[PDB]
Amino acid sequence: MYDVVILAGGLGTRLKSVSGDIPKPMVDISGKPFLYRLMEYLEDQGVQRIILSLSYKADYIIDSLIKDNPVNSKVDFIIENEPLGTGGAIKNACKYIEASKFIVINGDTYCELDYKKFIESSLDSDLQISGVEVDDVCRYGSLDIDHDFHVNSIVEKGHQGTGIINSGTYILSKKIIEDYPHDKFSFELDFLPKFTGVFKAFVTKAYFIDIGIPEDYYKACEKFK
């Protein structure tokens, strides 16, 4: 089981048009912050080490975890003092991973994935993304993949109908991004169009919610009581 990096920076504070002040990962979900429920699930899956990449209000979040540690998994913090982007944050996290591969997850996403099966589908790739099959992919970014599940492109939200949600969860070999020439960049908009290695999707029908979507936010609160 790999180390997990959770990207909690650069997620902004809005809900649609409405701008907020609470770091999206700390939104209360029926008695517990969203980030805590995510970490509890990871611990249940066997995660032994979590790396929290933080930008906006890192201290508030740190203070929180000290006060209440929802998990016994090893937890490390990384305060980004300038916006590195999603790619820059992953590159920056590489220094702390000693193994050759690790997991990245967005901190405003909750997906009840089978991580042991995810790790196994990734053995013959240098980059693997988790995709979630749904009936209506309308509200979500989606994946355009071929009949061998090679990822051809990451598709912006807006397309209606059946589809595979871009979960933002990856398994990657550190070597592909560790020495990326830029310190600040977007993983999906800057890195992926350049990446020439084997890039496949692990596709499931896992429970998935994105807390930046109002309907999933209500769903989550109801789910958890």
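Numbers for residues come from their place in the sequence shown, where the first is 1.
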Original post:
Going by the B-factors listed in the PDB entry, is the mean over the C-alpha atoms higher for 104 to 112 or for 137 to 145?
Top reply: 137 to 145
Original post:
When the C-alpha temperature factors are averaged for each of 203 to 211 and 16 to 24, which stretch ends up with the higher value in the entry?
Top reply: 16 to 24
**OP:** Would you mind finding, among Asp190, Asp44, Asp183, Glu178, the residue with the largest C-alpha temperature factor in the entry?
**Re:** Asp44
Original post:
Between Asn92, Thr86, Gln128, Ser153, which one tops the list for C-alpha B-factor in the PDB entry?
Top reply: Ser153
Original post:
Against its chain's modelled residues, does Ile66's Cα B factor rank lowest, middle or highest third?
Top reply: highest
**OP:** Give the position of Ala220 by CA B-factor within its chain, expressed as the lowest, middle or highest third.
**Re:** middle
Original post:
How does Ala8 rank on Cα B-factor within its chain, lowest, middle or highest third?
Top reply: middle
Subject >> Entry-reported Cα temperature factor of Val132, expressed as the chain third it lands in >> reply: lowest
**OP:** Name the third of the chain's ranked CA B-factors that contains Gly197, choosing lowest, middle or highest.
**Re:** lowest
